[PDB]
Structure formats: C-alpha cells, structure tokens
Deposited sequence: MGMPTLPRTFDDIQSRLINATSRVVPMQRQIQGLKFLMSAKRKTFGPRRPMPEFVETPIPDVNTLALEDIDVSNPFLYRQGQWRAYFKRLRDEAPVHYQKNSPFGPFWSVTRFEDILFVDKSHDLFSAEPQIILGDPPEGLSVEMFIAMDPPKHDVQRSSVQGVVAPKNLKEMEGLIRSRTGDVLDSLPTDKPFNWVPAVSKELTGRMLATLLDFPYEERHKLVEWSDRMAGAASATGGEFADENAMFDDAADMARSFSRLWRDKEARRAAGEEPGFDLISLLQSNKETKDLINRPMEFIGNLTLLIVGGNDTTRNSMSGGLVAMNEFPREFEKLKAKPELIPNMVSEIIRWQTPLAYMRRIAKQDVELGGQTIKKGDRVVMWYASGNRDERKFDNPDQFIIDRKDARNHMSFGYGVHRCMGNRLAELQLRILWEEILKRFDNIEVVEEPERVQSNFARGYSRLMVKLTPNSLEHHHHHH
C-alpha cells in the first residue's frame, strides 16, 4: 500500500559537515576508516542526534555509552518491534524474530530456545569445538599467505551453525549464504545484496529446508534416535514447542534468528582479533608471555571489534534524552560501535589492551532483555581459537590491508591475508 542504491564514493572529513548533515547510516564508513571520527563528533557535540535525510529515512543516533545503556534497558520507552536493523527488510521477506520483540512475548519466545546454549551443553561441546579448531589450524599452509576469512573464521562458524541446528553438515554453507543475504539486504543495512529475486529464492529454499529438517528429526526421533544438543531436538522435546511447525511464523523466526545470530558475529570476532593484534603488536608478546590473559583478551577483542555496530528501536512515546525530544514513532539507533569507543567509559578507548580490567563491561552484546543469548558460546569459541593459536604459532603476519564489508550493521572483514610462522 502507498507509494536503495549504494555506490561507494570518498567520504569527506567530518569537519567539513554541518552537524545536521552527519549521516552515519552510510555503509562505507567502516571500510573507509571514517567511522571513528564521525562517531566522535556525534558523541562530543550531538550525542542524541537527528538525521532528517538518509536512504533509510530519518533516524536518531545515540552514541554515548551511558545513553545507549538507558535506551537498551528501557524497553517500556524504546520498542524493539518490528525490526532492529536501521532500514526495512524487502517486501515479502519480513520475519518476526524475538530480537525484535518486547516483553512479555520476547521472554516467552527466548525461553523456548535458550536451552540450546545451556552452559552444561556448551561444556559438553568443548571437545568437538577444540577438535575442529585444531584441525582447521593444522590444515593451514605455513609457507605462503592465505585468506583467513574463508579458511578459519567462516570455516569454524559454519561448522558451529550446523551443530546448533543438527543441519546436514555437507549443506552447512547454505545456512551461511541464507544468513548473509538476510543481514546484508541493501534496504536494511546498506549491504551489497540488492537483488530481491535471490532473496525470494533463498527465503523459500530455506523454509523448505527447515521443514525437511524438522520432519527428518521427528521421523528419526520416532524411530528411536536419542535426542541431542541441537535446537530442533530441544524444540521437539518440550510440550510448548513440540508442534512448532504448525506455527510457521514462529518456526521460521526462531530457526533463522539462531543462524543469523551466530553467523557473522562469530566470524568477524575471529578475524578482528588478528587485525587488532596487527595494530597493537606488543599485545601479542604480552599474550605469549601470559596465556592466562586469553579470557580477558576475548572480551577486549569483542569490545574493540564490536561486530554489530548497532541495534535499532522505536520510541513508544516522546522521550527527552540528551537535551533533545525524541518523538513517538521515531527510529532510534543505539550505536554500540560508538559506545565502546566512548572515553567517558573506557580510558584510551581506541587502544587494544588485552589486560584492560573493564573490557568485560563492553556493550557489544547489548544490555537489557535482548543482551545476546549466544554471548558465552561466542566467548567459548574465541577462547578455544586463541588457545589453539598459541599452541602452534610464534608469529602471525598480515600481508595486505584487510578488506572490510559494506554494511552499516556488520563490522567485518571479507579478506584478511595472513602468513603463519610455526613455533619451535
């Protein structure tokens, strides 16, 4: 009812702009290394900022750590419904996910899946995660450079996603392709996926594949296969969700949220730690001399990378924030990527400091009722990755400037060319 194009051009210095003309929805800001200066000007001089004009329509940017905490925690004032990316999904491809729901329904839906990351289950999966990590690292050449993104970050992420859903291992690349094309929709995040035809094909292949999986698993259960750790087994084991297939919106929304949830977040945290080490190489010497730093370092990698730059909200009513009046119905973008660089919260915020004692207080997982469900699984994979790196490699060299992904939402890497030096 009723009545887009992204081509990269050089982004000017933020000092050339009127404050009202600063548009941080531009999906090339991370790639061009202008994002830090743009968010700093907002934090300093317009921390609750209204952009009247953008390809996504108008929106507020909330850029200080303390103000983002308030917006994220205050779901009575700032709704996550109906979407949490800045723009809109293409027509015909809106799916309800509980990341874009408010309590109480949010809490009900999250409760139906949260067992898949139960701490007892993560512990039992440590052997498999570590095996995959070591096998992947042992397979890498040490006599020439290679692209870390496909060989390590995407490889490990795809196996993890297959495990979460007990998805056919040989088809696991499909979970990643489907997640990429959803999160990368041009109309939603300024990503490079602008062919609505391929999105319609995916959305239908995926729904057909999840239904086959559900039916295969219920047929396998009916034939006596013992239930496992995966999401489908858990849903089919609980009275509330044993019939979830008959609720197509809930069924597709829960399965897709789990796959998108861990797809480029994992991947880009795995890559981003190497980039941060490359910029701050003394931290790798510190790590080798004190390997017990790995858990805190994992938090600092996640803070410094901030794999998801924001989550969006809609004001439920007029709200005074930062000396501005956000109007009812306005979109409000919580820029975690800015909050984690806010010097009001973190001293020397742009430095990667792997023993930073407050690194765990970052906002890369958000805060409030939507605080990332997969946080401990993300931390676990990163811990095991770095433990297995330290066993094998005395040095890691980045041999070319990394290529960064076009998106205003995912902060990530498509090319990361690495040369390994094995230890003695």
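For this chain, the deposited residues without C-alpha positions form the stretches 1 to 44, 48 to 51, 473 to 480, given in sequence order.
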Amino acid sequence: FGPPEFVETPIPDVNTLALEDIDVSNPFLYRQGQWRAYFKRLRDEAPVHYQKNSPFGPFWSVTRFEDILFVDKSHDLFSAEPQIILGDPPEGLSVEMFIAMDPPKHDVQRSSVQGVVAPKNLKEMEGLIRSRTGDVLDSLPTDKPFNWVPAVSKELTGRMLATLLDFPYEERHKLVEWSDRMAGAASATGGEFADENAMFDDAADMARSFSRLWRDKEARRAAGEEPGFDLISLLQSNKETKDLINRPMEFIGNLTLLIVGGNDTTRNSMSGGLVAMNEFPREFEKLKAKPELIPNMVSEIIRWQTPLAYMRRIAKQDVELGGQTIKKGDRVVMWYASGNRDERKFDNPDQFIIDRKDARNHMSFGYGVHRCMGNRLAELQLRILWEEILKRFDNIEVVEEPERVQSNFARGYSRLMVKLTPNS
From here on, numbers count along this sequence of modelled residues.
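Here the stretch with the larger average CA B-factor, out of 409 to 417 and 12 to 20, is 12 to 20. Here the stretch with the larger average CA B-factor, out of 31 to 39 and 46 to 54, is 46 to 54.
Looking at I294, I99, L213, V176, the one whose CA carries the top B-factor in the deposited record is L213.
Within the group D264, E283, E91, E279, the record's highest C-alpha temperature factor is found at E91. Per the deposited record, the Cα B-factor of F78 falls in the middle third when ranked against the other modelled residues of its chain. Among the modelled residues of its chain, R344 has a C-alpha B-factor that falls in the middle third, as given in the PDB entry.
The deposited CA B-factor of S338 belongs to the lowest third of values across its chain. Among the modelled residues of the chain, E66 sits in the middle third by CA temperature factor in this PDB entry. Among all modelled residues in its chain, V149 ranks in the lowest third by Cα B-factor.
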